[PDB]
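Chemist:
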Amino acid sequence: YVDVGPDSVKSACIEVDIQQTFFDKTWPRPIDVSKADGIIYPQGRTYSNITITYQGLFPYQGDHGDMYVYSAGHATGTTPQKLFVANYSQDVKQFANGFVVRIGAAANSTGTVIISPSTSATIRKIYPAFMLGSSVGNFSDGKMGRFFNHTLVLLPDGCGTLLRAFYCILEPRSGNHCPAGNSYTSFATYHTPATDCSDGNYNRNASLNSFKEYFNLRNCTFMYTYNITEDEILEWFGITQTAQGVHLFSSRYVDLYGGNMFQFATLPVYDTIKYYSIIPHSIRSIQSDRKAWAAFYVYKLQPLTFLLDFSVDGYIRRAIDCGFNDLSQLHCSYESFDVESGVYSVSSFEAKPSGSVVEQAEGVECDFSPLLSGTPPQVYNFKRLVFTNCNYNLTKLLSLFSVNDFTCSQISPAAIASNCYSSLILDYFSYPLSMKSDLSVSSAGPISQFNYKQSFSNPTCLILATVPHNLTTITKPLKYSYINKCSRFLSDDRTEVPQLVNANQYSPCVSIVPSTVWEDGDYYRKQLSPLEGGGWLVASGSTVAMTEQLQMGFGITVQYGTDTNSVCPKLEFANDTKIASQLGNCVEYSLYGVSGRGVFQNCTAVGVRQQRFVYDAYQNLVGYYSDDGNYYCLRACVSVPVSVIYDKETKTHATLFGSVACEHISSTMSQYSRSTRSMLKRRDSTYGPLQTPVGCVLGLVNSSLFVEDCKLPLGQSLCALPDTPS
Amino acid sequence: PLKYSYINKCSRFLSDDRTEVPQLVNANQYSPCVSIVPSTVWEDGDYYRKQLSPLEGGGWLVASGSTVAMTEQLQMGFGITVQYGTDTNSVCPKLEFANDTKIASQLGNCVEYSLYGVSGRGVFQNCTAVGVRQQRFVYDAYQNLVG
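Those protein sequences? They're chains A and B, same order as listed.
Just so we're aligned, residue 18 is where the first sequence starts under the UniProt record's numbering, counting upward by one.
Just so we're aligned, residue 494 is where the second sequence starts under the UniProt record's numbering, counting upward by one.
1. Does the distance from the CB of A:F112 to the CB of A:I132 come in under 8 Å?
2. Is A:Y64 close to chain B, meaning its C-beta is less than 8 Å from at least one C-beta of that chain?
3. Go to A:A223, then tell me how far its alpha helix (DSSP H) extends in each direction, as first and last residue.
4. Is the beta carbon of A:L321 less than 8 Å from the beta carbon of A:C349?
5. What in chain B is Cβ-close to A:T289, meaning under 7 Å?
6. So with Cβ pairs under 8 Å, would you call A:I67 a contact of chain B?
7. Would you say the region 458-475 of chain A touches the region 585-601 of chain A, given that touching needs at least three Cβ pairs under 8 Å?
8. Sort A:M452, A:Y635, A:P463 and A:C650 by Cα distance to A:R629 and report the nearest one.
9. When we look at the beta-carbon of B:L588 and count the other beta-carbons within 10 Å, is it buried (16 or more) or exposed?
10. Counting only beta-carbon separations shorter than 8 Å, does A:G391 have a partner in chain B?
11. Is there a C-beta anywhere in chain B that falls below 8 Å from the one on A:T412?
12. Assign A:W535 to buried or exposed, taking buried as 16 or more other Cβ atoms, counted over all protein chains shown, within 10 Å of its Cβ.
13. If you check the beta carbons only, do A:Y438 and A:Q636 fall under 8 Å apart?
14. DSSP on A:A432, reduced to helix/strand/coil?
15. From the beta carbon of residue 645 of chain B, is the nearest beta carbon of chain A less than 8 Å away?
16. Show which residues of chain A have a CB atom less than 9 Å away from the CB atom of B:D537.
17. To be precise: take each residue of the region 556-587 of chain B, compare its Cβ to all Cβ atoms of chain A, and keep it if any distance is under 8 Å. Which residues remain?
18. Mind checking the region 310-332 of chain A against chain B and listing, in chain order, the residues whose C-beta falls within less than 7 Å of any C-beta there?
19. Between the region 656-667 of chain A and the region 328-341 of chain A, do three or more beta carbon pairs fall short of 8 Å?
20. Could you name the residues of chain B that A:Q261 contacts, counting a contact when the two beta carbons are closer than 8 Å?
21. The alpha helix (DSSP H) spanning B:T560 covers which residue range?
22. Residues in its own chain within less than 6 Å of A:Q395 by CB, not counting five upstream and five downstream?
23. What residues of chain B sit near A:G61, judged by a beta carbon separation below 7 Å?
24. Return the bridge partner residues of B:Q568 from the DSSP annotation.
25. CA-CA distance, A:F506 and A:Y523?
26. I'd like to know if the region 311-320 of chain A and the region 118-138 of chain A are in contact, where contact means that at least 3 CB-CB pairs between them fall below 8 Å.
27. Could you name the residues of the region 146-160 of chain A whose beta carbon sits closer than 9 Å to any beta carbon of chain B, in the order they occur along the chain?
28. Taking the straight line between their C-alpha atoms, what separation do you get for A:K728 and A:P739?
29. Does A:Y704 have its Cβ less than 8 Å from a Cβ in chain D?
30. For B:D633, count neighbouring Cβ atoms within 10 angstroms of its own Cβ and tell me buried if that reaches 16, exposed if not.
31. Are the Cβ atoms of A:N199 and A:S157 separated by less than 8 Å?
32. What does B:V639 reach in chain A if we use C-beta pairs closer than 9 Å?
33. Comparing C-alpha positions only, which one of A:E357, A:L417, A:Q377 and A:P370 sits nearest to A:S386?
34. Go ahead and pull the three-state DSSP assignment for A:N398.
35. Is the CB-CB distance between A:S299 and A:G90 below 8 Å?
36. Closest by CA to A:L172, which one among A:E188, A:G128, A:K229 and A:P134?
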C-alpha cells in the first residue's frame, strides 16, 4: 500500500461543536452563462473565433449554487481551543453528474469572522476539502456521513500550495470524541497556522495529520500530491466521474483569466460515486488573530446544450444555455448571439394534466388453481387456461415454482404483470431442462415444427421452471416426449409433404399419436381416405428421461381488446380519492386499461351503447358510455401556443398566447413551456396580461395609437408598435 | 482460483417482502451486489442477503452465485478495449521510424500523415498560432482540422 507515514499520536480528538447558525450568509451567485461561468473546456479540442453549439455536463444557467464557508475555530485570548464549525459533516449529498466550483470568489474583500463575526475581518481565499464514495451511513452515535469501504479524499494540506488525493479506507477511533468513541459529536479537520504554513516550513502533512486524528489510514491505494501557488483571484474547478475514472478540471492550471477549466488531472478510481460531501475544517488561530474567509460555491452539472462564443484566444467568453429560456432557444436554434428582429414561434405549454383516475374492474380473481395439480401434458397435448373479467397477483403464482428461465417478447417481464388485458392465456406442459433447448419463439427445432408455434400478434412471456418438493399434488409423466415427425405420404408412395403446426394450435397428427411417446422413435401411420385427399399420415416422436423434480414450461400470452379489457391486476384503489368523477382538468386515466389523458363532460350519448368506447376516423376516442349512465365526451387535452415578438434594436420583446384568453394566463405559470420566462419578467415582473383581439399577451402598453408600418405585424390591424426608438 | 465462479443473482426485495427488482450490471462497471458477495463463491448456489436501510430506500439486497470446477491449466478471459481521443492519442504501437527520412517537416505536397494517430493527408505551412495552445489539433465548424 501507499507510504502514508506515521499514525496519530493520541486516541482522543479535538472536540467539535456545531455552530452552523453563525455561518448564515446571503451571497448567492447565479451562473452567468454569457461570461462562460462554470464552463469546462471541451475535452482535448478547441475551436477558433467562431460560434458553435455543444452538449455536455454543465451547470444550469439559473443555478446560484450551494455556498459554503470555513471559519476559525474556538479560540480565546492568545490561544486556540475546540472546533467551532458548521454542520458540514452531516451534509451528505447525492453525487450528481459531477460539479464545478468557485474558489476565492469573494477574495480581496471584507466580510465577517463568522464564529466571532462582529470582528468584521477582511476575507481571504480558502481551499475546500471533500469526500466521495459509493456508500454512506450512520456512525455508532447515529451521526450522518460515515463513509464505507474505500473513500475518495480531497484535501489541501497546510497551505493552498499543497493538494492531496487519496483512495483509502477510514478507521474510526475509540478515544474521547472520536468516530468510534461515544463522546463523538462531529467530524472535523484543522490547520494550526501559528506554526503551520511557515515561510521556512510549510507543513506538508498538517491537514492530513489533523485528519489522522479522527481516522487511521488503512488500505491506502492511491495517493497524489500537487504543487500549487497562491493567488486570491477566483478559480474554477470541476469534477467528473467516468468509465475512465474521475477527472479534474481547472482554470488554475491553464486559464487564470477566462475561467475555462482544463483537464488538469485524472484518476484510476473506477468505482462508482454515489455520494458527495463537503469536509468540515477549522483554523486553529489565535482569537486576537482571527481572520475571515471568502465564500465558496458549487454547482451540479447537467447534460445540457450550449451555444459557444469561442474567442480567437480559444477561450469561451460567452455562451447561451440553449434551454434556459425561449430567447436562448432562439439564439441556439440559429447558432448566433444576435437573432434578427422578428416574430418567432416557441415551444407550447404542456398544460399540467391532473393526477389519474381509473375505471378498471369490478372482477373476480383470476384463479390459477388448475396449475396446482396433476401431470402437465406432453407438448402436443397442451392444456390451456384463459381468463376474462378477473383480477390477479401473478407474483404469488410465481412463488410456487423455481423459475430457471424467464424470457419475453414484445413486453418486459414486469409489464406483463402490470398491464390490464382482455384475456390472459396460459399454455402449460412438461418439459425437461436438457431439451429445454428447443423452446424459443424463433426456434426451428422439432418442438416448434410439430408441437408448438407462438404467434407474434400478441406479446408472450415464456417460463421454464421446476416443481418444489412440497408441491405433492403435482405429478410427473413417465418420460418427457414430443412429436418429431408429422408428414403426409402421397398416394403414389414416393412424394411426401410435411404438416407444420399452426400458431397456438394442435398439429393434425395428434389424432393418431398416443398420449405419451412410449419409446423413443415410435412411429405410427394412418392410411388416408379419398375424402381425406388420399395418401398416408405418418408421424413419429421422441422421449426424454424423467427427472426427480418435474420440469415445466409455460407459454403466456395476452390479448388487448376494446371494451373487453377485463383481466387486470388486483386494484390498489383502497385508501384513494373518489374516481373517476373529478372533471377537473384533462385528467390522466386508465379505464379498463384504456389509458391516456383527457377532458370529460356529461353529454348526449351517441350510437351505440354497450360498446363503451367509441372512436373517430383516426381511432381517437370520441367519448365514453360510462357505467354510471353518463356519456362522457372526450375533449382531449389542451396546450397553449405561444410566440415571441422581438425588437433587437431595443433588445426587448413581447409575447402572445392568443386564443387561450387571459383566463388561463397569470403572473406566474407552471404548465409549462420554458423552465423560466424571465426574459419577459425583465419588465413583466411588475405587469399583468393584456387581453387583445388576437388574444392574451405580455410585455405590451395599451397605447391604442395608429401605426403606418408595424415593422413586427400582428395581423389584422393589430400592431406591435416598437418600444421607444433609439 | 479454487473454482471459477460468478454471480447469478443480484436483485432487491421490496420492503413489503413480495415485489423484487433486479440490478443489472452497468457497462464496464461492477454490480452493486459485489459489496455483499464473497471474493469467490465457496459453494455452488451460495446466497447472501442484506437488509437495506431507509437511507438505502428500504428492502433487502439479495444475491447468489455459482461455481465451476478448477482445471489443470488455468483458463483466462480478456476484454480489451480502446479509446480514441484528440490530443490524447498517446498509446501507440512501437515506432518503426528507424532508418527513415526526416519527419514530419517535408512540405512538400499534401503529404499523407499520422500525427499521434491522427491520420489523413494535407498541406502545411508555418503560420500564426491561434487560440488555444496545448490543444494541438484545432478544427473548424465541420470538424476539419484547421491546423
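No residue lacks a Cβ here, since even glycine has one placed at the ideal position from N, Cα and C.
Modeler: Working from what's here:
1. no
2. yes
3. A223 to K229
4. no
5. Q522
6. yes
7. no
8. A:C650
9. exposed
10. no
11. yes
12. exposed
13. no
14. helix
15. For residue 645 of chain B there is no data in the structure shown, the boundaries of chain B being 494 and 640.
16. Correct list: empty, because the minimum Cβ distance to chain A is about 14 Å.
17. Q576, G578, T579, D580 and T581
18. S328, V329, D330, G331 and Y332
19. no
20. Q576
21. Careful: B:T560 lies outside any alpha helix (DSSP H), inside the beta strand (DSSP E) at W553 to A562.
22. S498 and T533
23. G578, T579, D580, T581 and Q628
24. B:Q568 pairs with nothing; no bridge assigned.
25. 20 Å
26. yes
27. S151, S152, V153, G154 and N155
28. 8 Å
29. No chain D is present in this structure, whose protein chains are A and B.
30. exposed
31. yes
32. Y64 and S65
33. A:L417
34. coil
35. yes
36. A:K229
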